Amino acid sequence: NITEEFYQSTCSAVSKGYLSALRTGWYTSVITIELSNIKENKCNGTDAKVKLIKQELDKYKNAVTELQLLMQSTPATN
Amino acid sequence: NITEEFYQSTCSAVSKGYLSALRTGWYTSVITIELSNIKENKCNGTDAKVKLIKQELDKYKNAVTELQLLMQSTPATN
Amino acid sequence: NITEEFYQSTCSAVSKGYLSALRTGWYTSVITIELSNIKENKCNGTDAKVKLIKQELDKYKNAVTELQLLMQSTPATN
Amino acid sequence: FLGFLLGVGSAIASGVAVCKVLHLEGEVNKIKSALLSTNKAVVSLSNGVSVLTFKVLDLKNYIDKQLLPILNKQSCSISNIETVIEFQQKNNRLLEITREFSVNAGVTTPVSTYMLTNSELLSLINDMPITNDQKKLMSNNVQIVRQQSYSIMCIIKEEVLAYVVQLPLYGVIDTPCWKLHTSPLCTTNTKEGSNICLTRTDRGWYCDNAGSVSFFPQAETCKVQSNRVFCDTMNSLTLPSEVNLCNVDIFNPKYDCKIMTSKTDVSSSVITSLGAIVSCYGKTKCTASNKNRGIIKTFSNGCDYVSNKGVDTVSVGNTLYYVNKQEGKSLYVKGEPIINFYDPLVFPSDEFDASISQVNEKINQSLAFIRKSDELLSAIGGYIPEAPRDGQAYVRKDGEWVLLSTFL
Amino acid sequence: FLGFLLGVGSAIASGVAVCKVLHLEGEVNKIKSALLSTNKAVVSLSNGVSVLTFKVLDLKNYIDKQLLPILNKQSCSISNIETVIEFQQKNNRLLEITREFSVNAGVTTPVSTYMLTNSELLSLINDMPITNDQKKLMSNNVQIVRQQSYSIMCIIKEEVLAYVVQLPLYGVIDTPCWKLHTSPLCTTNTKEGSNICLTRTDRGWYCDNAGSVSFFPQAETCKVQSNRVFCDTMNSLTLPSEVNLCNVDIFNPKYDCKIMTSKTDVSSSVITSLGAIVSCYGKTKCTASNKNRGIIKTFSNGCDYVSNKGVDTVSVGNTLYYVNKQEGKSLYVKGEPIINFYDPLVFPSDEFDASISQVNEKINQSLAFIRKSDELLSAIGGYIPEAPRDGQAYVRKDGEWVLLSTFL
Amino acid sequence: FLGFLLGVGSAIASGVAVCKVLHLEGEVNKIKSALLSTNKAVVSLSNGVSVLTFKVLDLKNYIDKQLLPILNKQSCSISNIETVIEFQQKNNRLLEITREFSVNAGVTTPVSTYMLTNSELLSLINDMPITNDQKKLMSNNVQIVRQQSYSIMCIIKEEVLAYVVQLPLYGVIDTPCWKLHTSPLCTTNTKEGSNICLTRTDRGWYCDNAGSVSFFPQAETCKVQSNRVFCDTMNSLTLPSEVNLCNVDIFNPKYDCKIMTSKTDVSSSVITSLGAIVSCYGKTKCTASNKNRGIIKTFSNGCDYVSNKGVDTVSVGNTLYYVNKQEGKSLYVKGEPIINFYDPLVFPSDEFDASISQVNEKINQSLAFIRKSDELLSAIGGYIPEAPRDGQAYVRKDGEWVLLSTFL
């Protein structure tokens, strides 16, 4: 497998026996999540289960709107 | 919008047309979370709901004490 | 506590009064999690509680198999 | 990269000062009383600074009001699985904040959504004492605002957990900015080590600021949103406006342009905003390729440029680069490579942090040494040798020694 | 480190191009229709590129079918704590994805498990248009694949949230690779500042590629899995195969080996794959230690090596190093340190980015100046001085001036 | 920054060795049997090393005992929403650990709270074989301990998932430490490129250790808790105690102080522990400002210092710095800038990694060349020219050539 040689003249060492895996290109894939367009959160419900559902739906709505607000800024790394 | 010029003499390029947003100062705001001082976890309850409440309250207590132990070390970045 | 001296001749400053804590060695401890070897997910149950248990058990199985697939690659940092 | 010339600041010095102020007597009580009927109020501290204050979570109210009215007559068994889930939801944010500060020693950056949600941050921006232009800019670029912010944990006392969020102030807005890309400029010889090379070292971002130019050498600390550039002045150098003269004429005397010299001719590419710079040297195979046509240009040795219109890929040796597909107009400005003007014999080839004038001075010194030696060598030739040592006198007739006896 | 000679690429240029294509009219509708009866399909975009498409989560189906059939006759109170938990489980992945993109400005790396689970990534690898060798390699090293991947957020419209995952393509596989470790090589004098030092600057990873050698100077960007090396060509330099000649003979003329020079003799160690290089200088105490025997070797001044068999610890001054315990064979190749061959008087001792030939040229120039001055100094000695200024003529007899009157 | 002189270690070499030991036959069975009646025990491995072992989570017990007694007579439908939530709580820690190792290739740093909670880490510290002083130090600075720790995943077999947590050992404690800040020191000329500059390159942390000084050039790898400094010796250089002489006298012969030279005069500031160093050059406007008084000092060209008492802000050009408000005493030590002593004509102005002696040697060589040329030039003037070439003999009367016929 792996072997190593030390050169005293130049104070250096070389470790041989490795195999390559070089990133030479890029493959791009599109990952999608299907979303639901909801507007009517109307519910005259005081049940705690109803309140939990309302909280989780608000979280979903906030996530979607936050992603949209991110989308109004085009992607760029620097 | 964005324009670019390449100078063959100096092997350089300049991309013009961008707009600035420079961080020139700092604004500091205080964010607070109100906490509850609890000591009596006394409960002779074997109900599983009671055990779950006890676990989540212990998590809260551990978080508060861990933050206090962090506070015994004043903040400093290096 | 902390004192500082500025040398105008060399345009340098020295801050004295600090105490040392130098990492000179390593102590290694083994942290273990006991796992359960399960194979029979057989259950003719349509109850929603049963479905939730099945989902959480599949998550556990996926985590264990993913860790095993990680283990087929020996640890090394570079 | 000119990053070693940058200064050394203290990022959270202002925030740590506010933390220290918060530890004074009565400061936490002032904040607690101010945040009694509202989640957001302005508080004047003991040092005269007015700071916005947020109450983002009230675990005291949720634990003492809901929960904890369980009649613990040995039972305490008053519960509903809803309030168990609800308490987990409320307590989770505290747990996540504690987790983050545990692994970051009380200082975090960027400010996470657990530390400050989008709605809270937008509300904070709305009430900051800044221009409507600055409010609009911060609101439209919340993700950049988070990236340029610190969260410092101050104090936990008097049933209050307080941390300061240190937000950026963009005092310079909408001034023109430009980016400078540089690539090595060697001679085109095929042999190894037989080349002289030069490279502009002033690459980075430049922005007009208060009649000067703020220069950011480490362009990786600047975030670009379409046509906008977000930069930190603590990572900047202030330069005269004449630094732009290095782009129209590198030999101008009004500004001493920064270069470095080398003898290593290695092929590489620099991907610019609207194109690619290709430095091809030696026997490297450099090509520009299209996704529908294949290789459409083979670069010759030297420094060349190709725009992104019609080109999707540049390959330099075994390295393949994708060019940016941003829309814009590119212009090729023809000129003779300045490396042609330099004599390799007297060329200073290990100037790591140098300038046009400094290189010219060193060449002048080397040529002055050559001229001084030649002048001494030429002046020596005007003198006369020694007459033969043979016991008889000699006289100088024309340019040679003749015996005195001939003339007696 | 030769990292300053590397080029500048654009990591997510290809992914951003796919995002821009996805914004064209009808592109999102094409993807939505394609992902109607399956979670995975191949879609040809308007620009002629075929891209794999995944539907990893269907919140539209779970909210409209299950949930939201609550008969809101003022009640809406149709609920089961199971579907509350189930909705939290489904919605949590969206929340985590939104969290990650909020703190990373829409581009993340490595691709987290929330962005792409192991099963989805393995399925994606299985259907990629690559060799079975490449599929096997990516599947066996999923953690490395994640580390070399970007997640770019494209678009959220038409009830579709889409982001591109940009995966690596390993086009070079199973070619031999080797790693070069270098340590400073000074003279062994005990005094401070009385030493000349030299160091090879070409340390890093080397791999055979298309008849050349891809050289990765910043070896910290290369990930090693046992005997396999994962590297990015965008962080590589392409070199001729003769670069390996610097390991058999540093003075070979076919390749100009890269070195740097200094006068600072400081002790340090370099941990290699199967051993440790120790550079001991001055009065530093350098030792090799065993866990069952203690100190088993005391290094002398100079550069030395010890294998990992029988040695578990190397201490250089106050710094203690653990050596790697990897199995393998080590070989010591004896030779005289090349620093012995250099005369310190004419030794260029501040060559930061230099080469063997460049250092030899500078030594030649310094010796040429010495010889030129000596030749001028020697030639001057062959001329004659001025005869005494005393009002009487003088003649040159042998090597001195004698009065003309003596010969009249 | 002297970071290029540092060595190269292997951070998790010791931990990987323990992982390899754990793969031997019977090692996992030994650990499993040892952790039968307790969550914490000391185990001696096959190589003679005793390591503390923790069982932090028992999913085997929770799945086989509670849960999985569901009488699967086609039903399996034995369940309570409590045990569904409880299983989610227990299983979540395993999921988070799997997530972290998936994105970090089995090695993580800092050790997260999921990998080791505070109570487990404190218990681990309590039972480590170290001094009570070291136990107290680690317990009081748990967040720093996490930051200087690695978590390496070893093995998953025999119903056991095992990873090693590699904790720091602070063998040097309570020795005095000091920090050195350096700023460029140019001449104060207003023109560009007409200045010679010098800068001390030995900035960083210094700590007394075993009669030597451990020097940490990259001070960003050292974490400061109030008056305590946490540093890694693997990122250190060992120096003689005489390195402190560079602070009392930079021209001392007992230690060769490290400097760099340049001709680029650029304004910057360095924020120190108790003040700020201001390097003002050219026409840059450098001011020191107070939050209640405004600008209270305008710096002149050169290098100056101001303490943090009475000063809250230093502005250099378009860059604004907040000074640290730490309490302490500052002292200004007056002296003439050493750059005044250097003649710009013979000043080596591109010494990137140099020293006081090395710069003095180069100046000596340049002056020696000047003197050697002048001595040759002066000695040549003592010789005699050629007599006129006109066919008649000439004799040397006083300092000129007169015809021989005049004296016959």
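Criteria and cut-off values
- Residues numbered from 1 in each chain as written, not as in the entry; some residues may be left out.
- Chains lettered and ligands numbered in written order.
- Part of a larger assembly, values for the part shown.
- Heavy atoms only, no water.
- UniProt positions renumbered as here; feature names shortened; annotations may be inferred.
- Domains from an automatic or database assignment.
- Contact = heavy atoms within 4.5 Å.
- Buried area = accessible area lost by both parts, 1.4 Å probe.
- Salt bridge = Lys/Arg side-chain N within 4 Å of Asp/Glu carboxyl O.
- Polar contact = N/O pair within 3.5 Å; in protein donor to acceptor, adjacent residues only side chain to side chain.
- Nonpolar A, V, L, I, M, F, W, Y, C, P; charged D, E, K, R; others polar.
- Buried < 20%, exposed > 50% of the residue type's maximum accessible area, 1.4 Å probe, protein only.
- Helix = DSSP H or I, 4+ residues; strand = E, 2+ residues; numbered from the N terminus.
- Pairing = 2+ DSSP bridges.
- Patch = residues over 30% accessible without salt bridge, like charges linked within 9 Å, V, L, I, M, F, W, Y side chains within 5 Å.
- Areas by Shrake-Rupley, 256 points an atom, 1.4 Å probe, with all protein chains shown as cover.
- Disulfide = S-S within 2.5 Å.
- Axes fitted to C-alpha atoms, helices over the stretch in contact; angles between N-to-C directions.
- Parallel < 35°, antiparallel > 145°, perpendicular 65-115°, else oblique.
- Left-handed = near helix turned anticlockwise from the far one by under 90°.
- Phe/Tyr/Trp six-rings, centres within 6.5 Å; stacked < 30°, edge-to-face > 60°.

Per the PDB entry, chain D is named Fusion glycoprotein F0,Fibritin, and its organism is Respiratory syncytial virus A2. In the PDB, the entry goes by the title "Prefusion RSV F bound by neutralizing antibody 2E08". Checking UniProt for chain D, the heading Sequence similarities (unreviewed entry) contains the comment "Belongs to the paramyxoviruses fusion glycoprotein family."

Per the PDB entry, chain A goes by Fusion glycoprotein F2 and derives from Respiratory syncytial virus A2.

Trainee: Help me understand the domain arrangement of chain D in this model?
Mentor: How big an interface is tends to be reported as the loss of accessible area on association of its parts. Residues and elements named next belong to chain D. Assigned domains of chain D: these are domain 1 (1-264 + 336-380) and domain 2 (265-335). The C-alpha centroid of domain 2 is placed 32 Å from the C-alpha centroid of domain 1. Listed per partner, the contact involves 18 residues of domain 1 and 16 residues of domain 2. Interface of domain 1 and domain 2: buried area, both sides summed, is about 1,200 Å²; carbon and sulfur atoms make up 54% of it. Summed over the three residues of domain 1 that lose the most area to domain 2, namely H181, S183 and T188, the buried surface amounts to 37% of that side. Across the domain 1-domain 2 interface, the total number found is zero salt bridges. Linking domain 1 with domain 2 are six residue pairs in polar contact, by the criterion used here. Split by residue class, the side of domain 1 that touches domain 2 holds four nonpolar, ten polar and four charged.

Trainee: I would appreciate a short explanation of the pairing of strand β9 (residues 212-216) of chain D in the present structure.
Mentor: Within a regular strand, the side chains alternate between the two sheet faces. The element β9 of chain D is extensively covered by neighbouring structure, given that four of its five residues are classed as buried. Joining the antiparallel neighbours strand β8 (residues 204-209) of chain D and β9 of chain D is a turn of two residues, in which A210 of chain D adopts a positive phi near 55 degrees.

Trainee: What is the right way to look at the interface of chain F and chain C in this model?
Mentor: Contacts between the two partners involve 123 residues from chain F, matched on the other side by 60 residues from chain C. Of the roughly 8,300 Å² buried at the junction of chain F and chain C (both faces included), carbon and sulfur atoms supply 63%. For the interface between chain F and chain C, the tally reads two salt bridges. We note a salt bridge from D232 of chain F to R23 of chain C, for which the minimum N-O separation is 2.7 Å. At the junction of chain F and chain C, the tally comes to 51 residue pairs in polar contact. By residue number, the principal contributor to the side of chain F that touches chain C is strand β5 (residues 160-182) of chain F, which donates 23 residues. Its residues placed into classes, the side of chain F that touches chain C shows 72 nonpolar, 36 polar and 15 charged. Here strand β1 (residues 3-7) of chain C pairs with strand β21 (residues 329-333) of chain F via five bridges, running parallel.

Trainee: Before we go on, may I ask you to explain the sheet that holds strand β13 (residues 258-262) of chain D in this structure?
Mentor: Hydrogen bonds between backbone groups are what pair the strands of a sheet, and the pairing can be parallel or antiparallel. Residue and element names in this part refer to chain D. The sheet built from four strands is open, its strands ordered β6-β7-β13-β22 with antiparallel pairing. Since the sheet does not close on itself, it has two edges, and those belong to β6 (185-186) and β22 (354-355), each with one partner. With two bridges connecting them, β6 and strand β7 (residues 197-200) associate as antiparallel partners. Each residue of the ladder has a partner; that of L185, found in β7, is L198.

Trainee: Please explain a nonpolar patch on the surface as it appears in this structure.
Mentor: A cluster of nonpolar side chains, namely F369 of chain D, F369 of chain E together with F369 of chain F, defines an oily patch on the protein surface of about 320 Å² accessible area. Following the sequence through the fold, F369 of chain E ends up in helix α9 (residues 356-380). The partly exposed category is assigned to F369 of chain E, whose relative accessible area is 46%.

Trainee: Looking at this structure, I do not really get the state of the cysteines. What am I missing?
Mentor: Disulfides are covalent bonds that connect the sulfur atoms of two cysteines. What the rule picks out here adds up to 24 disulfides over all chains. Residue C43 of chain C pairs covalently with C76 of chain F via a disulfide, S to S 2.0 Å. Disulfide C43 of chain C-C76 of chain F: torsion about the S-S bond near -70 degrees, hence left-handed. With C43 of chain C in the loop between β2 (12-34) and α1 (48-71) and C76 of chain F in the loop between α3 (59-64) and α4 (81-103), this residue pair bridges two chains. Judged by its relative accessible area of 15%, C43 of chain C is buried. Residue classification places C76 of chain F among the buried positions, given a relative accessible area of 8%. Paired by a disulfide, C246 of chain F and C257 of chain F hold their sulfur atoms 2.0 Å apart. For the disulfide bridge between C246 of chain F and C257 of chain F, the dihedral angle about the S-S bond is near -110 degrees, and by the sign convention the bridge is left-handed. Of the two residues, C246 of chain F sits in helix α8 (residues 245-248) while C257 of chain F sits in the loop between α8 and β13 (258-262), which places them eleven residues apart along the sequence. Per residue, the accessibility class of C246 of chain F equals that of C257 of chain F, and both read buried.

Trainee: Looking at this structure, I do not really get the sheet that holds strand β14 (residues 268-271) of chain F. What am I missing?
Mentor: Residues and elements named next belong to chain F. Strand order in the open sheet formed by three strands is β14-β15-β18, and the pairing between neighbours is antiparallel. In this open sheet, the two edge strands, each paired with only one partner strand, are β14 and β18 (302-307). Geometrically, the sheet is characterised by an average inter-axis angle of 15 degrees between neighbouring strands, direction not taken into account. Pairing of strand β15 (residues 275-280) with β18, which is carried by six bridges, proceeds in the antiparallel orientation.

Trainee: Please explain the environment of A41 of chain D as it appears in this structure.
Mentor: Residues and elements named next belong to chain D. Within the secondary structure, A41 is located in strand β1 (residues 40-44). Measuring from C-alpha to C-alpha, the distance between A41 and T53 comes to 5.4 Å, with twelve residues separating the pair along the chain. The contacts of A41, once residues within four sequence positions are left out, are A34, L35, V51, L52 and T53.

Trainee: Looking at this structure, I do not really get the interface of chain E and chain A. What am I missing?
Mentor: If you look at the interface, chain E gives 123 residues, while chain A gives 60 residues. Together, the buried faces of chain E and chain A total about 8,300 Å²; carbon and sulfur atoms form 63% of this surface. Together, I156, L169 and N227 of chain E form the three largest contributors to the area buried by chain E at its contact with chain A, with a combined 8%. Across the chain E-chain A interface, the total number found is two salt bridges. The salt bridge partner of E34 of chain A is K55 of chain E, with a shortest N-O separation of 3.7 Å.

Trainee: What should I look at first to understand the pattern of salt bridges in this one?
Mentor: Side chains carrying opposite charge are able to pair once their charged atoms draw close together. Residues and elements named next belong to chain D. A complete count under the given rule lists 54 salt bridges over all chains for this structure. We note a salt bridge from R99 to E96, for which the minimum N-O separation is 3.4 Å. With a gap of three residues between them, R99 and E96 both fall in helix α4 (residues 81-103), about one helical turn apart. Classification of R99 as partly exposed rests on a relative accessible area of 24%. Judged by its relative accessible area of 15%, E96 is buried.

Trainee: Help me understand unusual backbone geometry in this model?
Mentor: Of note, the amide linkage connecting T109 of chain D to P110 of chain D takes the cis form, showing an omega dihedral of 0 degrees. Mapped onto the elements of the fold, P110 of chain D is located in the loop between β3 (107-108) and α5 (118-127). The phi angle at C11 of chain A is positive, at roughly 55 degrees, despite the residue not being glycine. By the secondary structure assignment, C11 of chain A is in the loop between β1 (3-7) and β2 (12-34).

Trainee: I'm lost on the side chain of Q148 of chain F in this one. Help?
Mentor: Residues and elements named next belong to chain F. Assignment of secondary structure puts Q148 in the loop between α7 (142-147) and β4 (150-157). The buried category is assigned to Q148, whose relative accessible area is 8%. Separated by 2.5 Å, the side chains of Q148 and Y170 make a polar contact.

Trainee: Explain the environment of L116 of chain E to me, please; I cannot follow it from the model alone.
Mentor: Take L116 of chain E: it is sitting in the loop between β3 (107-108) and α5 (118-127). The exposure class assigned to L116 of chain E is buried, which follows from its relative accessible area of 1%. Sequence-wise, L116 of chain E and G211 of chain E are 95 residues apart; in three dimensions their C-alpha atoms are separated by 37 Å. Those residues in contact with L116 of chain E, other than ones at most four positions away along the chain, are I31 of chain A together with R93, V111, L121, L124, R146 and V165 of chain E.

Trainee: When you look at the packing of helix α1 (residues 48-71) of chain A against helix α4 (residues 81-103) of chain E in this model, what are you seeing that I'm missing?
Mentor: Helix-helix packing is described using two parameters, namely the angle between the two axes and the distance between the axes. The geometry of α1 of chain A relative to α4 of chain E is characterised by a closest axis approach of 10 Å and an angle of 20 degrees between their N-to-C directions. With respect to their mutual orientation, α1 of chain A and α4 of chain E come out roughly parallel. The way α1 of chain A lies across α4 of chain E gives a crossing that is left-handed. Side by side, α1 of chain A and α4 of chain E meet where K49, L52, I53, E56, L57, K59, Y60, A63, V64, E66, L67 and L70 of chain A of the first sit next to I81, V84, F87, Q88, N91, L94, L95, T98, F101 and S102 of chain E of the second.

Trainee: Is there a simple way to explain the packing of aromatic side chains in this structure?
Mentor: Each aromatic ring pair is summarised here by two numbers: the centre-to-centre distance and the angle between the ring planes. By the definition in use, this model includes 39 aromatic pairs over all chains. Consider the rings of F4 of chain D and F352 of chain F, whose centres lie 5.5 Å apart with planes at 80 degrees: the pair is edge-to-face. Of this pair, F4 of chain D sits in the segment before α1 (13-22) while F352 of chain F is found in the loop between β21 and β22 (354-355), placing the two residues in two different chains. Chaining the aromatic ring pairs together yields one cluster made of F4 and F352 of chain D, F4 and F352 of chain E together with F4 and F352 of chain F.

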